[PDB]
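Take a look at the structure below.
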Amino acid sequence: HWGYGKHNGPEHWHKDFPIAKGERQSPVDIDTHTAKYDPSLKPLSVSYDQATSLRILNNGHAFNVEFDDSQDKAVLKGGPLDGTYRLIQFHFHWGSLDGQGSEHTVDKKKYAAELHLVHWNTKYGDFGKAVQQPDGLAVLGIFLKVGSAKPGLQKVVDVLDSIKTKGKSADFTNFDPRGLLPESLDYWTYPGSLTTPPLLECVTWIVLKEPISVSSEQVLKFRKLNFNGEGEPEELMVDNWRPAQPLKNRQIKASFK
Ligand SMILES: [Cu+2]
Ligand SMILES: [Cu+2]
C-alpha cells in the first residue's frame, strides 16, 4: 500500500497516513545560511563500544541491521537530548544514480545515500511506546557520497547477496557501527518524524555535517537488492528515499560555528 514505486510513492502516503502533511515532517532541507549555532547544545556522546549487533533483515523497503536493545549497550546521549537513547537498528536510503538518494538535503544538495542510526528513549520502556512520544526517538543521520570505499561498510556489502529479497534475514553478529561514522560529530538538529509510514512525529533528528565516502562498487551492490520477495518479479531496491518536506514552524540548530 506504500512504497517508492510508480503508484505508491511518497506523494501518495498521505491518503493512508494523513500526518504526512503534518507540522513536523521529515526529511527537510538544511539551509546552512539560516540554521543558527546554538550554544545551549552539547557535544554528542555516542557510546557504541558495547554494541551487540544480531541480524540483518530485508524488510521490502530497506534493510535493517538490528541490535540488542534490552540493556544500555549502544547509546546516544548529549547534544540536544535529555536522558539515554538506545540503538535499535540502522538502515540506509539510497538512489539509482549517484546524484540522488539522501532524504535530508543541504542547501538543496542531494547525497548518494543517507544512513539512519535509530535510537529510542529508555524512559518509555520499549520502542513501540517511544514512537508515541514527541521525544521518543533520536536518529543520527549521516550522508554518504561516492568516492573512496568505506572499510567499515564492507561487511554489510558482503552479506547483501544473502538477503536479496523481502523477508530474508541473516545472522549479523559482531558488527561495529563505529566504523560507519565520519571523523567529526558536528551536527544539525531539529524536531521531526519517521520518514516512512507511519510517519510519526517522534524524532529528535541529529544530522552530521561531515559525510562519509563509499565506493562506486559498494553502492552498486546496494542497488542489486530487491524490493520484491523471492519468486516474484524483480524490482531493484533503489530510490527508497522520501523527498524534503516543508520546514513549517521549526528551526534547525547547529552544534558548530
Ligand atoms: Cu502495502
Ligand atoms: Cu531511515
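Identifiers in this document derive from the order of the C-alpha cells: chains are assigned A, B, ..., residues are numbered from 1 separately in each chain, and ligands are numbered from 1 in order of occurrence.
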Exercise for the section: Would you mind listing the residues within 12 Å of ligand 2, counting only C-alpha atoms and all ligand atoms, as a count of residues only? Expected result: 43
Taking only C-alpha atoms and all ligand atoms into account, list the residues no farther than 12 Å from ligand 1, as a tab-separated table (two decimals) with N, CA and C atoms, in the first residue's frame.
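Final output, out22.tsv:
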```tsv
chain	number	residue	atom	x	y	z
A	1	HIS	N	0.81	-1.17	0.00
A	1	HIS	CA	0.00	0.00	0.00
A	1	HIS	C	0.87	1.26	0.00
A	2	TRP	N	2.10	1.13	0.48
A	2	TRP	CA	3.04	2.19	0.36
A	2	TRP	C	4.39	1.60	-0.08
A	3	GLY	N	5.09	2.43	-0.82
A	3	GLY	CA	6.43	2.10	-1.25
A	3	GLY	C	7.02	3.32	-1.90
A	4	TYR	N	7.86	3.02	-2.92
A	4	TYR	CA	8.65	4.05	-3.60
A	4	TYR	C	8.45	3.87	-5.10
A	5	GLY	N	7.46	3.17	-5.52
A	5	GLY	CA	7.11	2.85	-6.91
A	5	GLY	C	6.45	3.92	-7.59
A	7	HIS	N	3.27	4.20	-8.39
A	7	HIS	CA	1.87	4.46	-7.95
A	7	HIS	C	1.64	4.41	-6.46
A	8	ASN	N	2.66	4.16	-5.64
A	8	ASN	CA	2.52	4.10	-4.22
A	8	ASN	C	3.61	4.88	-3.46
A	9	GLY	N	4.27	5.79	-4.14
A	9	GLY	CA	5.38	6.52	-3.56
A	9	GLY	C	4.98	7.61	-2.62
A	12	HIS	N	1.77	9.74	-2.37
A	12	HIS	CA	0.53	9.03	-2.08
A	12	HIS	C	0.32	8.74	-0.62
A	13	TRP	N	1.36	8.82	0.18
A	13	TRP	CA	1.31	8.31	1.55
A	13	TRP	C	0.25	8.99	2.43
A	16	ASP	N	-3.30	7.21	3.34
A	16	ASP	CA	-3.40	6.30	4.46
A	16	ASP	C	-2.83	6.87	5.76
A	59	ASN	N	13.44	-5.80	4.65
A	59	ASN	CA	12.04	-5.62	5.01
A	59	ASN	C	11.16	-5.22	3.85
A	60	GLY	N	11.71	-5.25	2.62
A	60	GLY	CA	10.96	-4.84	1.46
A	60	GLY	C	11.01	-3.39	1.12
A	61	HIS	N	11.61	-2.59	1.98
A	61	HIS	CA	11.74	-1.11	1.85
A	61	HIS	C	13.21	-0.68	1.96
A	197	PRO	N	6.10	5.53	6.55
A	197	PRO	CA	4.86	5.24	7.33
A	197	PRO	C	5.21	4.40	8.52
A	227	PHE	N	13.22	-5.09	-3.82
A	227	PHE	CA	12.05	-4.77	-3.03
A	227	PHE	C	11.14	-6.02	-2.89
A	228	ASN	N	11.04	-6.80	-3.94
A	228	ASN	CA	10.17	-7.94	-4.05
A	228	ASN	C	10.67	-9.10	-3.21
```
Practice task
For CA of residue 178 in chain A and CA of residue 47 in chain A, determine how far apart the two atoms are, in Å to one decimal place.
Solution key: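 Separating CA of residue 178 in chain A from CA of residue 47 in chain A is a distance of 9.0 Å.
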Handout entry: Distance query residue 68 in chain A at most 9 Å, only C-alpha atoms, self and fewer than 4 positions along chain excluded, as a VMD selection string
Key = chain A and resid 51 to 54 73 to 74 87 to 89
Practice task
Just the residues within 9 Å of range 151-155 of chain A, please, counting only C-alpha atoms, with nothing from its chain fewer than 5 positions along; format it as a PyMOL selection string.
Solution key: chain A and resi 175-181+214+218
May I have the residues from that selection written out with N, CA, C and O atoms, as a PDB file, in the first residue's frame?
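selection-v3.pdb was written with the following content:
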```pdb
ATOM      1  N   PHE A 175      29.165  -6.874  14.532  1.00  0.00           N
ATOM      2  CA  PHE A 175      29.371  -5.707  13.682  1.00  0.00           C
ATOM      3  C   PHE A 175      29.550  -4.450  14.525  1.00  0.00           C
ATOM      4  O   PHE A 175      28.725  -4.219  15.396  1.00  0.00           O
ATOM      5  N   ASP A 176      30.545  -3.641  14.222  1.00  0.00           N
ATOM      6  CA  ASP A 176      30.872  -2.444  14.965  1.00  0.00           C
ATOM      7  C   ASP A 176      30.373  -1.210  14.167  1.00  0.00           C
ATOM      8  O   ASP A 176      31.027  -0.795  13.205  1.00  0.00           O
ATOM      9  N   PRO A 177      29.294  -0.569  14.613  1.00  0.00           N
ATOM     10  CA  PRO A 177      28.802   0.592  13.883  1.00  0.00           C
ATOM     11  C   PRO A 177      29.730   1.841  13.957  1.00  0.00           C
ATOM     12  O   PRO A 177      29.494   2.771  13.212  1.00  0.00           O
ATOM     13  N   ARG A 178      30.717   1.820  14.834  1.00  0.00           N
ATOM     14  CA  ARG A 178      31.654   2.921  14.833  1.00  0.00           C
ATOM     15  C   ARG A 178      32.378   3.075  13.524  1.00  0.00           C
ATOM     16  O   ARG A 178      32.873   4.163  13.185  1.00  0.00           O
ATOM     17  N   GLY A 179      32.491   1.968  12.766  1.00  0.00           N
ATOM     18  CA  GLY A 179      33.139   2.035  11.504  1.00  0.00           C
ATOM     19  C   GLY A 179      32.346   2.717  10.413  1.00  0.00           C
ATOM     20  O   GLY A 179      32.846   2.832   9.259  1.00  0.00           O
ATOM     21  N   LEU A 180      31.151   3.202  10.704  1.00  0.00           N
ATOM     22  CA  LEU A 180      30.305   3.941   9.779  1.00  0.00           C
ATOM     23  C   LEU A 180      30.345   5.441  10.041  1.00  0.00           C
ATOM     24  O   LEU A 180      29.680   6.187   9.291  1.00  0.00           O
ATOM     25  N   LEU A 181      31.012   5.916  11.081  1.00  0.00           N
ATOM     26  CA  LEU A 181      30.981   7.316  11.378  1.00  0.00           C
ATOM     27  C   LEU A 181      32.045   8.122  10.658  1.00  0.00           C
ATOM     28  O   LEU A 181      33.119   7.566  10.289  1.00  0.00           O
ATOM     29  N   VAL A 214      31.766   6.273   0.319  1.00  0.00           N
ATOM     30  CA  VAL A 214      31.670   4.852  -0.036  1.00  0.00           C
ATOM     31  C   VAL A 214      32.090   4.700  -1.482  1.00  0.00           C
ATOM     32  O   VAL A 214      31.999   5.666  -2.237  1.00  0.00           O
ATOM     33  N   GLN A 218      30.657  -0.397  -3.781  1.00  0.00           N
ATOM     34  CA  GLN A 218      29.792  -0.582  -2.612  1.00  0.00           C
ATOM     35  C   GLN A 218      28.354  -0.197  -2.929  1.00  0.00           C
ATOM     36  O   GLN A 218      27.409  -0.925  -2.650  1.00  0.00           O
TER      37      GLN A 218
END
```
Taking only C-alpha atoms into account, produce a table as CSV in which each residue of range 76-179 of chain A with an atom at most 6 Å from an atom of range 29-37 of chain A appears once, together with its shortest atom pair and the distance in Å to one decimal, ordered by chain and rising number.
```
residue,atom,partner,partner_atom,distance
A:104,CA,A:29,CA,5.7
A:105,CA,A:29,CA,4.7
A:106,CA,A:30,CA,4.7
A:107,CA,A:31,CA,4.8
```
